[PDB]
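First the structure, in the form of structure tokens, and then the observations on it.
Number of protein chains: 2
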Amino acid sequence: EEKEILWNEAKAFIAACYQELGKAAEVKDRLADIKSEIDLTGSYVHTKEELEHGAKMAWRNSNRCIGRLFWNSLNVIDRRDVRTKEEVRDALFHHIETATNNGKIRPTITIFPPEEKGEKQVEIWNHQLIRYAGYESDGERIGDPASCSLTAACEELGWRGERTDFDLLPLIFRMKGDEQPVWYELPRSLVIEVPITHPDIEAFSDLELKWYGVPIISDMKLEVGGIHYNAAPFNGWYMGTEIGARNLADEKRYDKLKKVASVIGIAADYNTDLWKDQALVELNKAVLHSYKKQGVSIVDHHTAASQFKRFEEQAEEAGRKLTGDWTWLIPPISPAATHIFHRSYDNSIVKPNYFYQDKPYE
Amino acid sequence: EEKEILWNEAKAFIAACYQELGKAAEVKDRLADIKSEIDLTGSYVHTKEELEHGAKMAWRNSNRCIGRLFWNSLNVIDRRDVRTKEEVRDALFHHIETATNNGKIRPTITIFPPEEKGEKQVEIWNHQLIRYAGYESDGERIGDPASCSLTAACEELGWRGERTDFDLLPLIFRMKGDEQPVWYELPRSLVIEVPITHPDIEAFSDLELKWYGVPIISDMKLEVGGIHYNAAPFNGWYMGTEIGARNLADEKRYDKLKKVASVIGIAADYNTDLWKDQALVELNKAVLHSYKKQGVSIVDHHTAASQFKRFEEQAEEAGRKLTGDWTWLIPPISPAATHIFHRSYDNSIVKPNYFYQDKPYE
Ligand code: HEM
Ligand code: HEM
Ligand SMILES: CNc1cc(C)cc(CCc2cc(C#N)cc(CCc3cc(C)cc(N)n3)c2)n1
Ligand SMILES: CNc1cc(C)cc(CCc2cc(C#N)cc(CCc3cc(C)cc(N)n3)c2)n1
Ligand SMILES: [Cl-]
Ligand SMILES: [Cl-]
């Protein structure tokens, strides 16, 4: 029942939000205003304060995120005013610039107009605002396989990649009323990249690996008080294992472990040599070293787990239930060296939150 | 309802067991016999064939075990005939000898008389038949902290440990009718141990680490067709990470990572150096090397995961549902390098199975 689920979600959110903001006295009148507004318009508009706090709560409730200690310092940019594709493009360029902050990454979310009756106003096709293209033509793989379908969709639309292993995908999004998305090439001056080198092993540079500085997830829906912000890209800084144990290591991604084993001078022939484990450690050491040397924000998984322990402690002190997904919170290397591995977490979904949504292509 | 839950479990087990054994025709008459036997005695006795297959099914259903490919080759020793503490002691000594098999470890279970009306006939106090004692007297910790409470219980009973870091705990068990357990020192000729050395790093021997060859879990209950075998110790061979990433690495166990870091020549000062990860890899390489050199069975986590993949495939081919606990099946180092990490598992409990039971001390 559309309006009823909206009103119910609104009631719960407004009470909780205003409680946290010390505004519990204003809850009654605000709810009155909202109920009338829904009665007449079928929806309601968040105040700037509600929107900001809602986006922060949504991060705080993200069960899969180890980085939640810093939820309250999220930089929230309200772009509910955009109406044109140039305004969207410029807002996304601005997000990249302000989030990057010359390498001292600022966790940031830009919030675009929400869905009206399930009707999107802006529909972003990118998984992240900055990501590498992927290709496969008869056997040979180039670039990031995770981007293969989006890359093909872009090329259908007249974009053409250089077919290096690190082509930047264009921004691609569709406006309400348009049949086709538009795409815009990323200005390279906006995009920080870090070449991967090793602190002790000079030959590591032979692999010619690099990665981009800022992960800006752009395909999830932010839900706050029953309002669906389907277009609301957000970023943090990387935890090193995301690059070194996933993006560059996974067989279905860049698949670099055999090449790493070769440059660090170990055989990749016997499981019992633990060469994959050894290669993973050195690649992950290289990633952290390289970001630190360049002055680009990054966190290692041990430090991240320690920060998360403080998030747990803060939640208990504030009297808030803690929720988490153990399977995503443990790091993909040395998980048992973190406190996370040795406890359990309630995987209940609490709103506001960020949610998956269907891809508009494929 | 005691008898009814027994009869129901018996019906399900006998049908399934006889189906798998190609004996489905005999199900009807066997069930008749069983129902009469329960009617008169309050319980029933498994045939040797039922007991053997039941113990194998129980391993096959153990959601937390990565080693299940080899479920059908379990060596089942029927000791339902024991009545004296000397017979129990001798059976446990025999299990150690036959399971060890001069280093070519045989997965084995010895099954003692089952509970009658919840009344245990034999109650084993050990967690494993072979394990090291642990102590703490005013600040200083010696040996395995996981054994502290059992060690104290043994010493209450007149045992005294030498207070090395590797004292073998005695076998300790209680017979029905006795108020106190009895204990027996392990003959050292029965116990294989492996000194830990590193394939390339000579200084690794300075740590004076060793571990025992065979993990023989002795505190779980085997449940088959509603019969509760509370005393039924079982063993496999080790996966290397159990020793190198858990027993010797955990802060609440032997806690050796800083010492490992020192002997491999790296600083243990900065999280971003990933020294814990590097130390874990070298310690785990050392463990595998040392067992292999001595001719004691062991498996690495990559090979184990590959075997488990074949277990999954075999289950599907046989038309059996697969159950598993993802949180225990992933190895504690490089979990994302295994296929296990990238799929999900149904954690449903299926019987026959092995279950936890309350400790008789503490
Ligand atoms: C500040 C630095 C941050 C770090 C280091 C961090 C770390 C991570 C990591 C490691 C993951 C899991 C990735 C994986 O499993 O491979 C994750 C997931 C997630 N993070 Fe964070 N995060 C940060 C900031 C943020 C921010 C600012 C938000 C939103 C406002 C956010 C929301 C999420 C969400 C929604 C997921 C789950 C994504 C999914 O289901 O695919 N994080 N984070
Ligand atoms: C043949 C070699 C075997 C290997 C390599 C193996 C491997 C393992 C591993 C790695 C674990 C998890 C340990 C941890 O999380 O730290 C485990 C758990 C388990 N294994 Fe196996 N296993 C083997 C044989 C057996 C046998 C023969 C049985 C029983 C007949 C068995 C039953 C179990 C059970 C019940 C658990 C869970 C124990 C608990 O809940 O504490 N395994 N196995
Ligand atoms: C069990 N862990 C598990 C399981 C599955 C099935 C997927 C993933 C990874 C999901 C995922 C992939 C990619 C990429 N590329 C980026 C992300 C963004 C993660 C993220 C988001 C933000 C905002 C900051 C930050 N540092 N990191 C998530 N993990
Ligand atoms: C998430 N993984 C997780 C979580 C918790 C809370 C505990 C454990 C470990 C349990 C455990 C501890 C110790 C010892 N010492 C031996 C075992 C026996 C494991 C075992 C049993 C057998 C038969 C063979 C074999 N190779 N290994 C289990 N794992
Ligand atoms: Cl990423
Ligand atoms: Cl063990």
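Sequences listed follow chains A and A', in order. A prime marks a further copy of an entry chain.
Residue numbers for the first sequence follow PDB author numbering, so the first one is 2 and each next one is one higher.
Residue numbers for the second sequence follow PDB author numbering, so the first one is 2 and each next one is one higher.
Every residue, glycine too, gets a C-beta built ideally from N, C-alpha and C.
Answer yes or no: do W126(A) and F205(A) have a C-beta to C-beta separation smaller than 8 Å? Not in contact: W126(A) and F205(A) (Cβ atoms no closer than 8 Å).
Please list, in chain order, the residues of the stretch 326-340 of chain A that have any C-beta partner in chain A' closer than 7 Å. Flagged, chain order: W327, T328, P333, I334, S335, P336, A337, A338.
Looking only at its own chain, which residues have a Cβ that is under 7 Å from the Cβ of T242(A'), when we skip the five neighbours before and after it? Result list for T242(A'): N285, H302, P332, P333, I334, in chain order.
Who's in the neighbourhood of ligand 8, going by beta-carbon under 7 Å from any heavy atom, listed in chain order? The ligand content of the structure shown is limited to ligand 1, ligand 2, ligand 3, ligand 4, ligand 5 and ligand 6, which means ligand 8 is not among them.
Just to confirm before moving on: does the CB-CB distance between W276(A) and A287(A) stay below 8 Å? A287(A) is positioned such that its CB atom lies no closer than 8 Å to that of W276(A).
Assuming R69(A') and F309(A') are in contact, meaning their beta carbons sit under 8 Å apart, how far apart are those beta carbons, in whole angstroms? Contact annotation, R69(A') with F309(A'): C-beta distance approximately 7 Å; criterion of less than 8 Å satisfied.
Let me check you understand the geometry: is the CB of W327(A') closer than 7 Å to at least one non-hydrogen atom of ligand 4? Answer for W327(A'): no, Cβ out of range of ligand 4.
Assign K211(A') to one of three DSSP states: helix, strand, or coil. DSSP places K211(A') in strand when its eight states are reduced to three.
Which bits of chain A does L289(A') rub up against, with CB to CB less than 8 Å? Per Cβ cutoff of 8 Å: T273, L275.
Might you give, ordered along the chain, the residues of its own chain that have their beta carbon closer than 8 Å to the beta carbon of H290(A'), omitting 5 neighbours on each side? Excluding sequence neighbours, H290(A') sits near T198, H199, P200.
Just list the residues that DSSP pairs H229(A) with in beta bridges. Within the DSSP secondary-structure output, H229(A) pairs in a beta bridge with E224(A).
Hey, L169(A') and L187(A') are a contact pair by Cβ (cut 8 Å); roughly how many whole angstroms apart? Yes, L169(A') and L187(A') are in contact; Cβ-Cβ is about 5 Å, under 8 Å.
Suppose you measure from the CA of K24(A) to the CA of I218(A); what does that come to, to the nearest Å? Distance between the alpha carbons of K24(A) and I218(A) is about 32 Å.
Is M221(A') near ligand 2, with its Cβ less than 7 Å from a heavy atom? For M221(A'), the CB falls within less than 7 Å of some heavy atom of ligand 2.
Hey, would you say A56(A) sits closer than 8 Å to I106(A), going by beta carbons? Against a cut-off of 8 Å, the Cβ pair of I106(A) and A56(A) comes out as no contact.
To which residues of the same chain is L330(A') closer than 6 Å at the C-beta, ignoring the five residues directly before and after it? So the list reads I67, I341, once near-sequence residues are dropped.
Could you tell me how far apart the beta carbons of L191(A) and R90(A) are, in whole angstroms, since I believe they sit closer than 8 Å? The beta-carbon separation of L191(A) and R90(A), rounded to 12 Å, does not stay under the 8 Å limit for a contact.
Got a sec: does ligand 3 put a non-hydrogen atom nearer than 7 Å to the Cβ of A154(A)? No, ligand 3 has no heavy atom inside 7 Å of this Cβ.
Between the CA atoms of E124(A) and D220(A) - distance to the nearest angstrom: Cα atoms of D220(A) and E124(A): separation of roughly 9 Å, rounded to the nearest angstrom.
Throw me the rounded Cβ distance for the residue 1(A) and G104(A) pair, which I believe falls under 8 Å. With chain A covering 2 to 363 only, the question about residue 1(A) has no answer from this structure.
DSSP state of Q295(A'), grouped into three classes? When DSSP states are grouped into helix, strand and coil, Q295(A') belongs to the helix group.
State yes or no: is the C-beta of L32(A) within less than 8 Å of the C-beta of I15(A)? In this structure, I15(A) lies closer than 8 Å to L32(A) by Cβ.
Under 8 Å, do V77(A') and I110(A') count as touching if we go by C-beta distance? Yes, Cβ-Cβ distance for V77(A') and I110(A') is below 8 Å.
With which residues is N354(A') paired in a DSSP beta bridge? Partner(s): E224(A').
Contacts that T304(A) makes with chain A' (C-beta to C-beta distance below 8 Å): Residues of chain A' with a Cβ closer than 8 Å to the Cβ of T304(A) are, in chain order, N272, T273.
Does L22(A') get closer than 8 Å to chain A when you measure Cβ to Cβ? Not one chain A Cβ lies under 8 Å of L22(A').
Neighbour flag for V297(A) against chain A', beta carbons, 8 Å: Answer no: the Cβ-Cβ gap between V297(A) and chain A' never drops below 8 Å.
Flag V195(A') as yes if its beta-carbon sits less than 8 Å from any beta-carbon of chain A, otherwise no. Not one chain A Cβ lies under 8 Å of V195(A').
Provide the residue span of the alpha helix (DSSP H) that contains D79(A), from first to last. Boundaries around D79(A) are those of the beta strand (DSSP E), 76-79, since no alpha helix (DSSP H) includes it.
What did DSSP end up calling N248(A) once you bin it into helix, strand or coil? Of the three classes helix, strand and coil, the one that applies to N248(A) here is helix, per DSSP.
Under the criterion of a Cβ to heavy atom distance below 7 Å, does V300(A') qualify as lining ligand 2? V300(A') Cβ: within cutoff of ligand 2.
Roughly how many angstroms separate the alpha carbons of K253(A') and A147(A'), rounded to a whole number? Answer to the nearest angstrom: the Cα atoms are 7 Å apart.
One question on the structure: do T304(A') and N272(A) come within less than 8 Å of each other, judged by their Cβ atoms? Their beta carbons are under 8 Å apart, which means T304(A') touches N272(A) by this criterion.
Rounded C-alpha distance that separates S138(A') from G245(A'): Counting only the Cα atoms, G245(A') lies some 26 Å from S138(A').
Curious, which full-length beta strand (DSSP E) runs of at least 3 residues does the stretch 297-356 of chain A' contain? With a minimum length of 3 residues, the continuous beta strand (DSSP E) runs that stay inside the stretch 297-356 of chain A' are 354-356.
What would DSSP say about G23(A'), mapped onto helix, strand or coil? Coil.
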